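Student: Below is a structure I'd like to ask you about.
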Amino acid sequence: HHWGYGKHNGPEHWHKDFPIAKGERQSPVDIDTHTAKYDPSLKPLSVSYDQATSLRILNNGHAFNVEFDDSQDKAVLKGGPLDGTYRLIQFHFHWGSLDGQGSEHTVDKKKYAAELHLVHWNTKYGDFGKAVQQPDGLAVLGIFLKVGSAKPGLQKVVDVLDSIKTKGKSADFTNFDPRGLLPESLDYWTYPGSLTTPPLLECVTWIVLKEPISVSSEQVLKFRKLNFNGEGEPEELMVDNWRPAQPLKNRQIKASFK
Ligand SMILES: [N]S(=O)(=O)[C][C][C]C1234B567B89%10B5%11%12B5%13%14B%15%16%17B8%18(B961B%18%152B5%163B%11%1374)C%10%12%14%17
Ligand SMILES: [Zn+2]
């Protein structure tokens with residue numbers, strides 16, 4: 001009886017195995033645009049993905065992960081609110097059963113159809129397992145998806161999903177360029193928070209981009225054909241794999257932009 005996204009194992013149950021679920025810096029949150037203060041001390045985000053080396057795509061039973069070679073400083077996030085250098089390890093998405101839900105963060109209570117998370121770890125801790133034990137261990141870049149025009153840079157991901165339909169399936173996924181998933185603007189909000197899946201550790205600097213990317217109805221429908229279940233098990237469509245907004249508590253959301 002492991003955690004998941006259902007009635008009997010979804011987010012309102014997670015606190016029983018992971019008591020930090022009711023902690024002081026949980027994610028995601030609602031971004032109240034009127035309350036988020038412009039911080040002129042924040043730097044432009046530096047996204048250096050030119051040498052990013054994707055290796056593989058994996059259906060982990062909750063989402064799909066696109067994994068990178070993080071054995072050197074290839075793909076790195078720095079600047080913005082960050083001190084030092086954060087290495088790209090993977091990205092994944094959260095999405096809904098319908099276009100009106102799917103994102104984890106909300107913007108004035110608006111839910112987007114999906115949310116992309118690019119996960120990076122602080123190189124000062126040496127390995128991601130040490131980094132997740134630190135309050136400044138991870139930086140996650142969050143990007144909203146809305147349904148409209150197709151995202152050409154996403155289609156290589158969409159086209160491999162048929163080969164990882166079920167939990168535990170992986171596929172070689174080399175030479176994927178994550179620059180193709182970024183919007184035009186790097187304007188962002190930032191706040192201190194947590195992983196949004198168990199173990200829910202409070203180790204993340206969140207950087208949420210204001211400008212969403214557009215994907216087509218056909219692209220997001222292919223996300224919704226994935227399965228939470230393993231091969232030869234009863235079909236449970238991989239949809240609504242998002243945690244709802246959590247209490248902001250004693251935190252300030254900062255804007256990089258006026
Ligand atoms: N929705 S979310 O908080 O970005 C989930 C992040 C999950 C992970 B934790 B460990 B650290 B890195 B890899 B593995 B798990 B995987 B990635 B971050 C590693
Ligand atoms: Zn995520």
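Residues are named by chain letter and number: chains run A, B, ... in the order of the structure tokens, numbers start at 1 in each chain, and ligands are numbered from 1 in the order shown.
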Please provide the set of residues having any atom within 6 Å of range 135-148 of chain A, restricted to only C-alpha atoms, with same-chain residues fewer than 4 positions apart removed, written as a PDB file with N, CA, C and O atoms, in the first residue's frame.
Tutor:
```pdb
ATOM      1  N   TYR A 112      -3.020  25.390 -14.468  1.00  0.00           N
ATOM      2  CA  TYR A 112      -2.621  25.116 -15.854  1.00  0.00           C
ATOM      3  C   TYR A 112      -2.799  23.632 -16.157  1.00  0.00           C
ATOM      4  O   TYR A 112      -3.048  22.819 -15.263  1.00  0.00           O
ATOM      5  N   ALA A 113      -2.770  23.301 -17.452  1.00  0.00           N
ATOM      6  CA  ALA A 113      -2.988  21.908 -17.911  1.00  0.00           C
ATOM      7  C   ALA A 113      -1.866  20.984 -17.445  1.00  0.00           C
ATOM      8  O   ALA A 113      -2.080  19.784 -17.275  1.00  0.00           O
ATOM      9  N   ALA A 114      -0.697  21.523 -17.220  1.00  0.00           N
ATOM     10  CA  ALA A 114       0.459  20.702 -16.809  1.00  0.00           C
ATOM     11  C   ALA A 114       1.567  21.592 -16.275  1.00  0.00           C
ATOM     12  O   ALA A 114       1.489  22.829 -16.411  1.00  0.00           O
ATOM     13  N   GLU A 115       2.581  20.970 -15.669  1.00  0.00           N
ATOM     14  CA  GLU A 115       3.737  21.711 -15.145  1.00  0.00           C
ATOM     15  C   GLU A 115       4.979  20.852 -15.351  1.00  0.00           C
ATOM     16  O   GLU A 115       4.981  19.643 -14.977  1.00  0.00           O
ATOM     17  N   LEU A 116       6.011  21.448 -15.952  1.00  0.00           N
ATOM     18  CA  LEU A 116       7.324  20.836 -16.173  1.00  0.00           C
ATOM     19  C   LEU A 116       8.221  21.229 -15.014  1.00  0.00           C
ATOM     20  O   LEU A 116       8.287  22.421 -14.665  1.00  0.00           O
ATOM     21  N   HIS A 117       8.945  20.241 -14.486  1.00  0.00           N
ATOM     22  CA  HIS A 117       9.934  20.452 -13.406  1.00  0.00           C
ATOM     23  C   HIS A 117      11.286  20.011 -13.912  1.00  0.00           C
ATOM     24  O   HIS A 117      11.485  18.820 -14.194  1.00  0.00           O
ATOM     25  N   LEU A 118      12.236  20.946 -13.974  1.00  0.00           N
ATOM     26  CA  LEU A 118      13.641  20.623 -14.267  1.00  0.00           C
ATOM     27  C   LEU A 118      14.379  20.665 -12.940  1.00  0.00           C
ATOM     28  O   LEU A 118      14.444  21.727 -12.310  1.00  0.00           O
ATOM     29  N   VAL A 119      14.899  19.502 -12.521  1.00  0.00           N
ATOM     30  CA  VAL A 119      15.456  19.327 -11.165  1.00  0.00           C
ATOM     31  C   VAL A 119      16.965  19.460 -11.245  1.00  0.00           C
ATOM     32  O   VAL A 119      17.604  18.763 -12.046  1.00  0.00           O
ATOM     33  N   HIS A 120      17.528  20.235 -10.342  1.00  0.00           N
ATOM     34  CA  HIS A 120      18.981  20.492 -10.282  1.00  0.00           C
ATOM     35  C   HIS A 120      19.486  20.379  -8.845  1.00  0.00           C
ATOM     36  O   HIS A 120      18.770  20.777  -7.910  1.00  0.00           O
ATOM     37  N   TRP A 121      20.698  19.858  -8.667  1.00  0.00           N
ATOM     38  CA  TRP A 121      21.254  19.748  -7.302  1.00  0.00           C
ATOM     39  C   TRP A 121      22.498  20.612  -7.118  1.00  0.00           C
ATOM     40  O   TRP A 121      23.290  20.784  -8.074  1.00  0.00           O
ATOM     41  N   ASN A 122      22.683  21.083  -5.904  1.00  0.00           N
ATOM     42  CA  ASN A 122      23.763  22.016  -5.557  1.00  0.00           C
ATOM     43  C   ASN A 122      25.096  21.265  -5.533  1.00  0.00           C
ATOM     44  O   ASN A 122      25.273  20.377  -4.680  1.00  0.00           O
ATOM     45  N   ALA A 131      22.637  16.321  -1.143  1.00  0.00           N
ATOM     46  CA  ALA A 131      21.955  17.614  -1.386  1.00  0.00           C
ATOM     47  C   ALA A 131      20.536  17.636  -0.808  1.00  0.00           C
ATOM     48  O   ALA A 131      20.149  18.682  -0.282  1.00  0.00           O
ATOM     49  N   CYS A 203      14.029  20.930   0.874  1.00  0.00           N
ATOM     50  CA  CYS A 203      15.397  21.117   0.341  1.00  0.00           C
ATOM     51  C   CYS A 203      15.403  21.914  -0.963  1.00  0.00           C
ATOM     52  O   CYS A 203      16.469  21.953  -1.585  1.00  0.00           O
ATOM     53  N   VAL A 204      14.283  22.547  -1.330  1.00  0.00           N
ATOM     54  CA  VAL A 204      14.156  23.128  -2.688  1.00  0.00           C
ATOM     55  C   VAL A 204      14.066  24.647  -2.630  1.00  0.00           C
ATOM     56  O   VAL A 204      13.219  25.197  -1.947  1.00  0.00           O
ATOM     57  N   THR A 205      14.849  25.299  -3.478  1.00  0.00           N
ATOM     58  CA  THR A 205      14.567  26.662  -3.940  1.00  0.00           C
ATOM     59  C   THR A 205      13.734  26.533  -5.199  1.00  0.00           C
ATOM     60  O   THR A 205      14.262  26.059  -6.217  1.00  0.00           O
ATOM     61  N   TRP A 206      12.474  26.959  -5.133  1.00  0.00           N
ATOM     62  CA  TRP A 206      11.582  26.925  -6.300  1.00  0.00           C
ATOM     63  C   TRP A 206      11.786  28.187  -7.137  1.00  0.00           C
ATOM     64  O   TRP A 206      11.793  29.304  -6.595  1.00  0.00           O
ATOM     65  N   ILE A 207      11.835  28.004  -8.443  1.00  0.00           N
ATOM     66  CA  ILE A 207      11.920  29.093  -9.442  1.00  0.00           C
ATOM     67  C   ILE A 207      10.823  28.771 -10.445  1.00  0.00           C
ATOM     68  O   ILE A 207      10.977  27.812 -11.190  1.00  0.00           O
ATOM     69  N   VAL A 208       9.741  29.542 -10.407  1.00  0.00           N
ATOM     70  CA  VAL A 208       8.556  29.266 -11.268  1.00  0.00           C
ATOM     71  C   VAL A 208       8.486  30.357 -12.331  1.00  0.00           C
ATOM     72  O   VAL A 208       8.350  31.521 -11.989  1.00  0.00           O
ATOM     73  N   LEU A 209       8.598  29.960 -13.590  1.00  0.00           N
ATOM     74  CA  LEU A 209       8.549  30.942 -14.677  1.00  0.00           C
ATOM     75  C   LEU A 209       7.127  31.495 -14.859  1.00  0.00           C
ATOM     76  O   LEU A 209       6.130  30.754 -14.806  1.00  0.00           O
ATOM     77  N   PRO A 212       4.019  30.816 -19.543  1.00  0.00           N
ATOM     78  CA  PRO A 212       3.847  29.399 -19.829  1.00  0.00           C
ATOM     79  C   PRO A 212       4.349  29.019 -21.230  1.00  0.00           C
ATOM     80  O   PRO A 212       4.595  29.924 -22.034  1.00  0.00           O
ATOM     81  N   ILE A 213       4.541  27.720 -21.480  1.00  0.00           N
ATOM     82  CA  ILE A 213       4.711  27.200 -22.851  1.00  0.00           C
ATOM     83  C   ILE A 213       3.368  26.662 -23.321  1.00  0.00           C
ATOM     84  O   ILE A 213       2.526  26.258 -22.524  1.00  0.00           O
ATOM     85  N   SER A 214       3.142  26.735 -24.629  1.00  0.00           N
ATOM     86  CA  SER A 214       1.960  26.157 -25.308  1.00  0.00           C
ATOM     87  C   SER A 214       2.330  24.791 -25.844  1.00  0.00           C
ATOM     88  O   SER A 214       3.392  24.642 -26.474  1.00  0.00           O
ATOM     89  N   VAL A 215       1.471  23.820 -25.578  1.00  0.00           N
ATOM     90  CA  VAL A 215       1.535  22.471 -26.189  1.00  0.00           C
ATOM     91  C   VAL A 215       0.187  22.205 -26.848  1.00  0.00           C
ATOM     92  O   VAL A 215      -0.796  22.833 -26.469  1.00  0.00           O
ATOM     93  N   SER A 216       0.143  21.275 -27.789  1.00  0.00           N
ATOM     94  CA  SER A 216      -1.123  20.991 -28.486  1.00  0.00           C
ATOM     95  C   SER A 216      -1.987  20.017 -27.687  1.00  0.00           C
ATOM     96  O   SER A 216      -1.479  19.247 -26.851  1.00  0.00           O
ATOM     97  N   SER A 217      -3.277  19.994 -27.976  1.00  0.00           N
ATOM     98  CA  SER A 217      -4.201  19.018 -27.351  1.00  0.00           C
ATOM     99  C   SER A 217      -3.667  17.611 -27.638  1.00  0.00           C
ATOM    100  O   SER A 217      -3.679  16.777 -26.747  1.00  0.00           O
TER     101      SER A 217
END
```
Student: Give one line per residue of range 130-212 of chain A that approaches range 16-35 of chain A to at most 10 Å, naming the two atoms of the closest pair and their distance in Å to one decimal, counting only C-alpha atoms; sort by chain then ascending residue number and deliver it as CSV.
Tutor:
```
residue,atom,partner,partner_atom,distance
A:189,CA,A:31,CA,8.2
A:190,CA,A:31,CA,9.6
A:191,CA,A:25,CA,9.2
A:192,CA,A:25,CA,6.6
A:193,CA,A:25,CA,4.7
A:194,CA,A:26,CA,5.0
A:195,CA,A:27,CA,6.6
A:196,CA,A:27,CA,5.5
A:197,CA,A:27,CA,9.1
A:198,CA,A:18,CA,6.9
A:199,CA,A:18,CA,6.3
A:200,CA,A:21,CA,6.3
A:201,CA,A:20,CA,7.2
A:202,CA,A:25,CA,6.2
A:203,CA,A:25,CA,9.1
A:204,CA,A:27,CA,8.9
A:206,CA,A:27,CA,8.7
A:208,CA,A:31,CA,9.4
```
Student: For residue 70 in chain A, which of A:155, A:46, A:85, A:53 is the closest residue, counting only C-alpha atoms?
Tutor: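 Among the listed residues, the smallest separation from residue 70 in chain A belongs to A:53.
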Student: For residue 73 in chain A, list every protein, DNA or RNA residue within 10 Å, evaluated using only C-alpha atoms, and leave out those in the same chain fewer than 5 positions away; present the list as a list in words.
Tutor: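 Final neighbour list, sorted by chain and number: residues 48, 51, 52, 85, 86, 87, 88 and 123 of chain A.
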Student: Have a look at A:128, A:257, A:188, A:91 and name the one nearest to ligand 2; count only C-alpha atoms and all ligand atoms.
Tutor: A:91
Student: Residues of range 23-200 of chain A in helix (DSSP H, G or I) according to DSSP, as a VMD selection string?
Tutor: chain A and resid 123 to 125 128 to 131 152 to 164 178 to 181
Student: What would the file look like if the residues just selected were written as an mmCIF file, in the first residue's frame with C-alpha atoms?
Tutor:
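The result, stored in part.cif:
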```cif
data_model
loop_
_atom_site.group_PDB
_atom_site.id
_atom_site.type_symbol
_atom_site.label_atom_id
_atom_site.label_comp_id
_atom_site.auth_asym_id
_atom_site.auth_seq_id
_atom_site.Cartn_x
_atom_site.Cartn_y
_atom_site.Cartn_z
ATOM 1 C CA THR A 123 27.265 20.865 -6.574
ATOM 2 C CA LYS A 124 28.681 21.992 -3.164
ATOM 3 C CA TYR A 125 27.135 18.773 -1.633
ATOM 4 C CA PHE A 128 22.014 14.524 -4.974
ATOM 5 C CA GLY A 129 21.490 12.192 -1.950
ATOM 6 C CA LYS A 130 23.580 14.537 0.232
ATOM 7 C CA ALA A 131 21.955 17.614 -1.386
ATOM 8 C CA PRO A 152 7.929 21.433 -31.558
ATOM 9 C CA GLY A 153 10.706 20.858 -28.952
ATOM 10 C CA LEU A 154 8.384 18.522 -26.966
ATOM 11 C CA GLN A 155 7.441 16.191 -29.853
ATOM 12 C CA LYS A 156 10.563 13.904 -29.424
ATOM 13 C CA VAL A 157 9.379 13.249 -25.813
ATOM 14 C CA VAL A 158 5.735 12.636 -26.891
ATOM 15 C CA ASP A 159 6.821 10.175 -29.639
ATOM 16 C CA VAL A 160 8.838 7.913 -27.208
ATOM 17 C CA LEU A 161 5.946 7.541 -24.666
ATOM 18 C CA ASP A 162 4.404 4.558 -26.571
ATOM 19 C CA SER A 163 7.664 2.639 -25.656
ATOM 20 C CA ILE A 164 7.345 3.354 -21.863
ATOM 21 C CA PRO A 178 15.849 20.755 -23.030
ATOM 22 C CA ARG A 179 16.335 24.345 -24.404
ATOM 23 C CA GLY A 180 13.369 23.418 -26.669
ATOM 24 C CA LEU A 181 11.051 23.352 -23.615
#
```
Student: What is the distance between atom 5 (C, counted along the ligand's line) of ligand 1 and CA of residue 63 in chain A, in Å to one decimal?
Tutor: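 Value for the atom 5 (C, counted along the ligand's line) of ligand 1-CA of residue 63 in chain A distance: 9.7 Å.
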Student: Write down as a PyMOL selection string the residues belonging to range 13-236 of chain A that are assigned strand (DSSP E) by DSSP computed on the backbone.
Tutor: chain A and resi 30-31+37-38+45-48+54-59+64-68+76-79+86-95+106-107+114-122+138-147+170-172+188-193+204-209+213-215
Student: Return the single residue from A:74, A:1, A:61, A:185 that is closest to residue 237 in chain A, with distances computed using only C-alpha atoms.
Tutor: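 The shortest atom-to-atom distance to residue 237 in chain A comes from A:61.
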